[PDB]
């Protein structure tokens, strides 16, 4: 009956959602940067056994017969498309169906990520920024890497501040450029985007990570956008004043984070490219997929110089 799903896992008494192992399930798309945040945290914090995940198909399809709604769909079998698995948990065929199964009063969009609860058969949370916070603290009793803290108290002020202008300028900014229907609004977003990127470039020139000498939540939010920049945003969203490849610091910075154990696991460039170029006949009518620079992010970087 809920109109929104913004609840939290909690190690507190009288909590609807305690951090039990095998209880929760993460629904994602490799293509979506926001969902990719959560996949990164599962590997970084070592929550693989605690929380399994399933990825939908990259290209949108029709979710129902009665209306022409387009969105995320699950494959019918494991062999239908690489990187995608059917929803064996609830037998759903689309993300939309999972929401409807949780509540007929849901008023939001049918988006990923989705943190599902197997016990109450409901959606705990569908906000990536919140999912990664509870992935960072609430599962430390069973996390393979409990010590690792991406949101330590002494950084929260700087992380929240960084997240601020990085969200508006970069994470969400690339979409402002792509969804712009007028020249003025486009240039506003593009200008502000490369102001933010230059700002990052200067920071990462003095230190290894965006908020100091250690990895933080801010780095994961930034990385998921950068890893998609030259292949998608630079063409699909017309963000071409400068490519990531041309930012020496951010470029090696992306390689560095990509090469962190378990991170490359969460980058599926096929799903990334297939989704953006294949699910928007508005912006890309014939659904052609650019060749792309095909950069090897496993290749050497210079970020150890710090």
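Positions refer to the first chain, counted from 1.
- 116-124 and 224-232 differ in mean CA B-factor, and the higher of the two is recorded for 116-124.
- Comparing 140-148 with 201-209, the higher mean C-alpha B-factor in the PDB entry belongs to 140-148.
- Across the options 58, 33, 281, 262, the residue with the most elevated CA B-factor in the record is 281.
- Looking at the C-alpha B-factors along this chain, the one for residue 109 belongs to the highest third.
- Annotation for residue 184: C-alpha temperature factor in the lowest third relative to the rest of the modelled chain, per the entry.
- Compared with the other modelled residues of the chain, the Cα B-factor recorded for residue 96 ranks in the middle third.
- Remark: residue 268 belongs to the lowest third of its chain, ranked by C-alpha B-factor as recorded.
- Ranked against the other modelled residues of its chain, the C-alpha B-factor of residue 77 as given in the entry falls in the highest third.
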